[PDB]
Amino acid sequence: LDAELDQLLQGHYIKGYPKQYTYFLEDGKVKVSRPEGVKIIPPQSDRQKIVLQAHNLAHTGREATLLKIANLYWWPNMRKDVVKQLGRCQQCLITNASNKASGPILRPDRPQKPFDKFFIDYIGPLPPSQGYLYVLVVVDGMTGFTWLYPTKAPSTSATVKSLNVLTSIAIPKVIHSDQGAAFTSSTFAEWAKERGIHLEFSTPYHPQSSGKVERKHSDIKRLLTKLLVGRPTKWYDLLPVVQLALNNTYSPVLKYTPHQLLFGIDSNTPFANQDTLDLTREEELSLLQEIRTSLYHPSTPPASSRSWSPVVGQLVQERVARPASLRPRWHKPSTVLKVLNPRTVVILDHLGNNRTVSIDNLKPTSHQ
């Protein structure tokens, strides 16, 4: 503070203050003759209050805060004192946007067998049809085979009814879903435990995690659309036709229909493939097991130039899920406990609870 600035006035050298400039007194304030003009050097004990005043004018970031300060003052390492404040402004940290991209997506292994993993999810509300408003969509991970059930609500009770009808055919090892109320209810958990089905949940508000079923929605709605052009939206009667149409549609990258991957042979549907007519069932099922293992699998894409990836103990912030008008889009900072994989982490929130969260719903808190 006032000590440092005395030594300086009487020609002595202090670290940080370059000796080739003339430091004087005027109007009771230590000044200096810089290329840009003459600036005041406030005492160290003053500098924090100055930065804070500058930053608070509009809650500006680094440079815009610096430019205000530099109008009146100079001292060594100004930006370090600016950055220090930005890291401590709660309002800026919970309001500003991130400018770092997530690391590249994972492409999880295709489940190995039909019925290993089910991906489920609701679409809706749709326009009322026969008193129905939603659709339960179930997608077998390995085959893409899809089951569609109309419901009046995205409820547990309607999910149970529907899954009882489906599980009649086979029971799956795992059912993966998002955290919609229907799937997280204890009534649902009991229903699963009863049947030896393990429930797996997506990180919250991250539908890419349910990507397998999510992507099917687009085809479902797209086909419903084409069929209903010029007519009123009576979709209920179409669900069966849609289901069947899709399950028997070829995926150009795979060269198989989801039905084919499920059964190894077309049923009595138009343009059914006849390539295995001369094989025994057993020969057919052998060639099927072969097809199932040699299906195309996409690899992780290249990282973008400015991606970040989580480290244990790092300060990070969770995205607010449904932010109200004029309210911050980010939660207070939290700490990374475990890095489950490069795109998933467990955080301790300040409350402090443990939460498993997608990297996409995080930013690394700025300025350390």
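Start at 1 and count along the sequence shown; that's the residue number.
Comparing 260 to 268 with 277 to 285, the higher mean C-alpha B-factor in the PDB entry belongs to 277 to 285.
Comparing 301 to 309 with 27 to 35, the stretch with the higher mean C-alpha B-factor in the PDB entry is 27 to 35. The entry assigns its greatest Cα B factor, within the set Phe145, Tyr205, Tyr296, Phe118, to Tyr296. The deposited CA B-factor of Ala58 belongs to the lowest third of values across its chain. Residue-level temperature factors show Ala158 in the middle third of its chain, judged at the C-alpha atom. In this PDB entry, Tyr73 carries a Cα temperature factor that places it within the highest third of its chain's modelled residues. Compared with the other modelled residues of the chain, the Cα B-factor recorded for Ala321 ranks in the middle third. Annotation for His198: CA B-factor lies in the middle third of the chain's modelled residues.
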